[PDB]
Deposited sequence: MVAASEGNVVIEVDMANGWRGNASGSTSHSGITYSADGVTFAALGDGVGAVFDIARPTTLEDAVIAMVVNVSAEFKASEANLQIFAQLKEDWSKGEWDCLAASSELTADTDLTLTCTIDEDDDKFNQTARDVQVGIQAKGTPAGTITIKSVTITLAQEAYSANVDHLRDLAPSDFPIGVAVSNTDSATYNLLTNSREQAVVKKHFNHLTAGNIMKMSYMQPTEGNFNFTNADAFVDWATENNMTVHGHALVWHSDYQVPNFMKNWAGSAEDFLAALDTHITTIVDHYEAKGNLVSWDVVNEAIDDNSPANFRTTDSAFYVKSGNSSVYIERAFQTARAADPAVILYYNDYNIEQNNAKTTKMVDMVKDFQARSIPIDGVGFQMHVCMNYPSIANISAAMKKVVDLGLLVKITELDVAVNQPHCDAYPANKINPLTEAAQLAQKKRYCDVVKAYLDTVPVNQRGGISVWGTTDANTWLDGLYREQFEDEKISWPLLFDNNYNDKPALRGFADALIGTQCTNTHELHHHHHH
C-alpha cells in the first residue's frame, strides 16, 4: 500500500518535510541525516541525481512504536545506487514502524515505487516402509503431458517420489488416445521411458487405463467409428491386446485399470449410455465391459485386472451397481481380480462407516480392494455447503482436519481389507501445486488453487496430511492435533 499510511520521519535532529503521493508511489526530500518515510504495521526505489551526488546511503529500518530504540543492521550504500531493488530482513510482539531514511549528508529526493514483505515436518523417513503388510504405497505422476511436472524432467518430483513411494500410476500418458492416437499406430516411447524409470527405482507400475469413456482421450477413430458393432468390438480387443502384451513383455507392470468409470452417476445407477462411445459404438451395449476383461486376461494371465471408479465408496446407488456387476461377472466366469476405489473424498463426506461398508462388499466377494486415486479436498463444491464455509487461504485448522481425514481413510482400508486382499493405496499426485482438482473445479473455485488435497505442499514440503497417513499405517490414534 503506497497510497495510504505513509509518513515523514526524522531519526536525527534535522526535521523532515513529510511525503508526496504520486502515480510513482511515495517521495520524500532527503533533507538531512535520518530524514525518511515510514508506514505502520523488499522495496523498489528511484533516487534523484542530487541524491547520488550527495554520497548518502539509504537505510531500510524498523522500530517498535513508543519503544523507539529497539533493526539498525540494514544499509544500501551510495555506490549501489544509480529504479532499484532494495531488500531488508525480537520481531514478534502483541505496532511496528517501518520505512527507509537517508544517511550521511544527503540532498535531492527518494521515490519509493513498491514495498512487499514476506517449516513443518511430518518426521516420516519413507512412507512406504511403514506399511504393516507388503502392499503398494503409490502415487500418480505427470509425464510428457506436463512440461512443468514431468517426472522425468522435474528433479523435485523425482526426489519426493523416490523418498516415499514404491508404486506409480501415469496421470495421462497410458490413457487410450495417448497409447493409440490413430488406428494401428501405437505409441509406447514415453510410457516405456516412465516404466524404465520405475524399474530403475524398484517401483511397480499400475496401468491406467485400458478402456475409459472420457472424450478427450478416446481415440478419434473410435469416437468417430462408422463401421459395424462387431468390428468396433474387434478394434477394442486389438487396442487392449497390443498394449497388455507389450507391457507384459516390458516387465514391472503389475495391474491394470481395465475399465474405468463405466457406471453412471444416477440413482439408481446404470452403465453409461449416450455419454460413452463404447456403449454407442458397440451397438448400444455394455458387452464391451466384460469383453475387455476377457481380452486383457487372455493377453497376460498374470496381470491383475481392476474395475476402477469414483463414488463407489459412498455406499449408495453406484456401490450397488458395482457390486451387482461384480456378482454377475463371477456368476458368468468373466475374469476380474479387484475393484479400484478412486477415493476422491471430501473432508467430512462420505462417512468412514460407509466407505468401510462399500470396501467390505468387495472383500466378501473374495477380490482385491485397491485405493487408486486418493485425495482429500479442503474445498470441493459438492461438499460442506460450498461456498458457504469456503476456506481461503489455507489454515492450520484445515491442514489438521486433513491429517485426521487421511488417517481415518487409511485406517478404514487396513481395518476392512485383509492382508492378502490389499491391492495398494495410491494418492493422486505429489504436490498441491499440481492437483487435478483445481482444474476440475476451476469454475466453482473462481480459478483459485484451493483444493490443497495432497500430502505435500506447493514447495514439496510435508503437510500434516503425510503425518496422518503414516499414523494410520503405524496404528497411532487418528487426530486433528499435532
| property | result |
| --- | --- |
| Deposited-sequence stretches lacking C-alpha coordinates, listed in sequence order | 1 to 13, 55 to 65, 95, 108 to 110, 118 to 123, 129 to 130, 155 to 158, 523 to 530 |
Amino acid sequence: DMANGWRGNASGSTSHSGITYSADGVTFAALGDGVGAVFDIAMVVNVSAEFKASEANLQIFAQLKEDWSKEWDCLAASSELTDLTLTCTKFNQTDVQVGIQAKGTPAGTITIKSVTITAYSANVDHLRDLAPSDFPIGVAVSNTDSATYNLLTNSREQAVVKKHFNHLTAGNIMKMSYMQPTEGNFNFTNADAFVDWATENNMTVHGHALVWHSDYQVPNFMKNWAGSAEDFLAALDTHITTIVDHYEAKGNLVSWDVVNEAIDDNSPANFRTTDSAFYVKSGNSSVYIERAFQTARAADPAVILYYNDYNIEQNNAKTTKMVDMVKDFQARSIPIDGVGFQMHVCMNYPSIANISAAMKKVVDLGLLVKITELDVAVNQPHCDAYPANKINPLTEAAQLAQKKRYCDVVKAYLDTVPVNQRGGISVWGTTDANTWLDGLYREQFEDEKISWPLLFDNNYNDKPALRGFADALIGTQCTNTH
From here on, numbers count along this sequence of modelled residues.
{"item": "Mean temperature factor over C-alpha atoms, higher-scoring stretch between 109 to 117 and 358 to 366", "value": "109 to 117"}
{"item": "466 to 474 versus 17 to 25 - which carries the larger mean C-alpha B factor in the record", "value": "17 to 25"}
{"item": "Among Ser133, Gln93, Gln314, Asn143 - the residue whose C-alpha B-factor is largest in the record", "value": "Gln93"}
{"item": "Peak C-alpha temperature factor (PDB record), options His382, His246, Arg272, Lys175", "value": "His382"}
{"item": "Third of the chain's Cα B-factor distribution that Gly283 belongs to, per the entry", "value": "middle"}
{"item": "Chain thirds of CA B-factor: placement of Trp72", "value": "highest"}
{"item": "Among modelled residues of the same chain, the CA temperature factor third for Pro418", "value": "middle"}
{"item": "Chain-relative CA temperature factor third for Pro453", "value": "lowest"}
{"item": "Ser426 by Cα B-factor - lowest, middle or highest third of the modelled chain", "value": "lowest"}
